[PDB]
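Architecture at a glance
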Amino acid sequence: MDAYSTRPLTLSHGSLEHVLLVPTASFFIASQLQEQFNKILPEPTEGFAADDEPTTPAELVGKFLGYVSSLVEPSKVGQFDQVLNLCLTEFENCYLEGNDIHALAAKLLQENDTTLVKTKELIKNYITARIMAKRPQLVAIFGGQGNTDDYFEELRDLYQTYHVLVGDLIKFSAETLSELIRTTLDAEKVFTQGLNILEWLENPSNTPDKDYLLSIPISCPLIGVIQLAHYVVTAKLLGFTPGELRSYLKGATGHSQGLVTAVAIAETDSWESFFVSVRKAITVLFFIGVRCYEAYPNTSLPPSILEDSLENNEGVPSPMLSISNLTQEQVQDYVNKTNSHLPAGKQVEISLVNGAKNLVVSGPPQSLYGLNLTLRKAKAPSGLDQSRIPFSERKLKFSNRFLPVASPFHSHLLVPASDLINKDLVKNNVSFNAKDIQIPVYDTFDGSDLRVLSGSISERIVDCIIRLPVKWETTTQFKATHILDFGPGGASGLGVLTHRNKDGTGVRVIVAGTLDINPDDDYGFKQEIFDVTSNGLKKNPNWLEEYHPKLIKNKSXXXXXXXXXXXXXXXXXXXXXXXXXXXXXXXXXXXXXXXXXXXXXXXXXX
């Protein structure tokens, strides 16, 4: 038959072995849902309604037959089992020819209309119907506590897009976190919304409110599942085990809420050493959030503070505030004045030095709001001063919107949860952290190899989160060519903010999403291809320093140009060219042939 509706493509007439089963296909995608989709095709042509490109209905039929299919592996009768295979195999050498159809997402971003939200289904209509009852240098960086204001819906846009690669691990894990609530007693009263996360995925109706999805021991453990499930995605996409992913690594160093996710994943060989090492990751972040929340509880803020936080567009004043693009220890004076008027119980300290400019500060939120008060002083409303002597008298610029962390990590006041949680991690049998880490993971501060046990390493894991300053620049210090990210949420989580720090080097690609913004950090399809290694600028080694010989060996002649306008005017600049220079000559009053016949009054003496 044919892939109809104005862009025809063949779907094999089987000569009475498959011509008889297509009447159970031909009207079947001729539903009114595909037939009210086709009067929109003449005048507002193909803005919607796939058939926008002739692959898009053949995968929509490849959706539809495979989704009203047998739907079970003890297969409902072979009608809805075998013609799926031919409706796969026909496509299998029609538009990919090997090369793993995430490359066809690059083909969708180069040939037809620029759709991504449509592209996500034709991933899913392939890969889910791929499993319907037939047919089975690198530095990793882990995110966590990013600038990602939902932190959960990307898992919702993981389970929705992917059902093959993630449906296994959730059945263990989503039970397992609910299998931990009764263990530590009175953590239930810390967890007053219940941990059946499955129905949060099953419906957006009783998916809970996002701020209480933003409460810390809801945010911190599931984010690690996203930085675990995507690692199974590429293992399932590249046909690999995690050891075959751990074989192809040289970095594997991530942020605070993903460093310990990178810790257990380095000593992970099999799929069978996987889920036993997932419990290294569940029982930390579950216990991490429950210990610090008891140390500093959330309080309802005085709403007198809540007004002026809106006019400066700082958002909710949640106790984590970063600054933008000032040099350090200027603002420490403003810390020094505020910590002077503060008593000892609520003094304020700077957590992070992430990047050369941005500095994260954590502490009590009133005093964090109190820091804004003197930082609303010395701050311009962004008026232009590059006209009159910018680099001598400037009033500077800021951007200090808040961060939605509901427990002030990397601080000093939250000491007793540190020594308490490692008792809790002693309590269950998982605190080995032996030498079995293969890839040299670097620290979130001063990246030692960390196979220097007699550290009892599942004790360092927590003061690295709640005690320690990070200084993220010296965390990297790599020798790579490209960099993995597993940023939990968008093209925003700790990949773009790392990108300023490195130059002359990698064009790093992340796994989450399929967007692009510029040919700087493009992603979506570099994980699943061949014969296209984009290594961009080497602005150091490449473009550096060289003089140069002639055809018969000279020196070029010596790069230092010269061209003024009140000295150079005549044949007394001719001698300036006589030694070794790049002489220019203009602005000689009149241009009425005088200084023009005079050009050859120094061109013959040149």
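Let us look at the structure shown here.

In this section: the overall build of the chain. Counting its secondary structure elements, the chain contains 22 helices and six strands. Dimensions of the chain along its principal axes, counting C-alpha atoms only, are 100 × 75 × 50 Å.

Right, let's get into the pattern of salt bridges. A salt bridge links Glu92 to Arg135; its shortest N-O distance comes to 3.6 Å. Of this pair, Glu92 sits in helix α4 (residues 79-92) while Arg135 is found in the loop between α6 (119-130) and β1 (140-141), placing the two residues 43 residues apart along the sequence. One salt bridge in this structure joins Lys124 and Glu121, with 3.5 Å as the shortest N-O distance. Of this pair, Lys124 and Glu121 are both found in helix α6, three residues apart, which corresponds to roughly one turn of the helix. Bridged by salt links that share partners, the residues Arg291, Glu294, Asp424 and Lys427 form one connected network.

Ordered by their spatial adjacency, three strands build an open sheet running β2-β4-β3, and the pairing between neighbours is antiparallel. If you trace the sheet from one side to the other, it starts and ends with β2 (320-323) and β3 (349-352), each paired once. This sheet shows a mean twist of 40 degrees between the axes of neighbouring strands, independent of strand direction. In terms of strand pairing, β2 meets strand β4 (residues 359-362) through four bridges, oriented antiparallel. Bridging from a neighbouring strand, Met320 pairs with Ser362 of β4.

Each ring, one from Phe142 and one from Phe486, has its centre 5.8 Å from the other, and the planes form 15 degrees; the classification is stacked. You can see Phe142 sitting in the loop between β1 and α7 (153-159) and its partner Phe486 sitting in the loop between β5 (484-485) and α21 (496-499), a full 344 residues away along the chain. Residues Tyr231 and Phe486 carry aromatic rings whose centres are separated by 5.5 Å and whose planes lie at 65 degrees to one another, so their mutual orientation is edge-to-face. Of this pair, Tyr231 sits in helix α10 (residues 216-237) while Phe486 sits in the loop between β5 and α21; the two residues are 255 residues apart in sequence, bridging distant segments of the chain. An aromatic cluster is defined as three or more aromatic residues linked by ring pairs; in this entry it consists of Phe91, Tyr95 and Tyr126.

The N-to-C vectors of helix α14 (residues 303-311) and helix α16 (residues 365-376) enclose an angle of 45 degrees; their axes lie 12 Å apart at closest approach. Relative to α16, the element α14 is oriented oblique. Along this stretch, α14 crosses α16, giving a crossing that reads as left-handed. Residues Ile305, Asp308 and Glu311 of α14 pack against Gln366, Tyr369 and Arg376 of α16.

Pairing is parallel in the open sheet, where three strands are placed in the order β1-β5-β6. The open sheet has two edge strands with one neighbour each: β1 and β6 (509-510).

With a phi close to 75 degrees, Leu16 is a non-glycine residue in the positive phi region. Counting through the fold element by element, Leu16 comes out in the segment before α1 (23-26). With a phi angle near 65 degrees, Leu450 is a residue other than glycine that sits in the positive phi range. Relative to the elements of secondary structure, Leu450 occurs in the loop between α18 (416-427) and α19 (460-463).

A separate point is the environment of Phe445. By secondary structure assignment, the location of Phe445 is in the loop between α18 and α19. For the pair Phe445 and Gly167, spaced 278 residues apart in sequence, the C-alpha separation works out to 35 Å. Among residues more than four places away in sequence, those in contact with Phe445 are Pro469, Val470, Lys471 and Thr475.

Looking now at the pairing of β3. Note that β3 and β4 share three bridges and pair antiparallel. The residue bridging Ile350 from the neighbouring strand is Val361, located in β4. Turn length for the β3-β4 hairpin, with the two strands adjacent in sequence and antiparallel, is six residues, and the turn residue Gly355 shows positive phi of about 85 degrees.

With that settled, consider the packing of helix α15 (residues 330-341) against α16. For the pair α15 and α16, the least separation of the axes is 10 Å and the interaxial angle reads 125 degrees. Here α15 lies oblique to α16, going by the angle between them. Classified by chirality, the crossing of α16 by α15 is right-handed. Here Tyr334, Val335, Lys337 and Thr338 of α15 come into contact with α16, specifically with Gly370, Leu371, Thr374 and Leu375. In terms of residue class, the contact of α15 with α16 is built from four nonpolar, three polar and one charged.

By secondary structure assignment, the location of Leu169 is in helix α8 (residues 167-178). Through-space distance from the C-alpha of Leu169 to that of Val278 is 9.7 Å; in sequence the pair is 109 residues apart.

Scoring rules and cut-offs
- Residues numbered from 1 in each chain as written, not as in the entry; some residues may be left out.
- Part of a larger assembly, values for the part shown.
- Heavy atoms only, no water.
- Residues with missing side-chain atoms left out of burial classes, pairs and counts.
- Helix = DSSP H or I, 4+ residues; strand = E, 2+ residues; numbered from the N terminus.
- Salt bridge = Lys/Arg side-chain N within 4 Å of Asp/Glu carboxyl O.
- Pairing = 2+ DSSP bridges.
- Axes fitted to C-alpha atoms, helices over the stretch in contact; angles between N-to-C directions.
- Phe/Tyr/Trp six-rings, centres within 6.5 Å; stacked < 30°, edge-to-face > 60°.
- Parallel < 35°, antiparallel > 145°, perpendicular 65-115°, else oblique.
- Left-handed = near helix turned anticlockwise from the far one by under 90°.
- Contact = heavy atoms within 4.5 Å.
- Nonpolar A, V, L, I, M, F, W, Y, C, P; charged D, E, K, R; others polar.

None of the figures reported here should be taken as evidence of function without further support.
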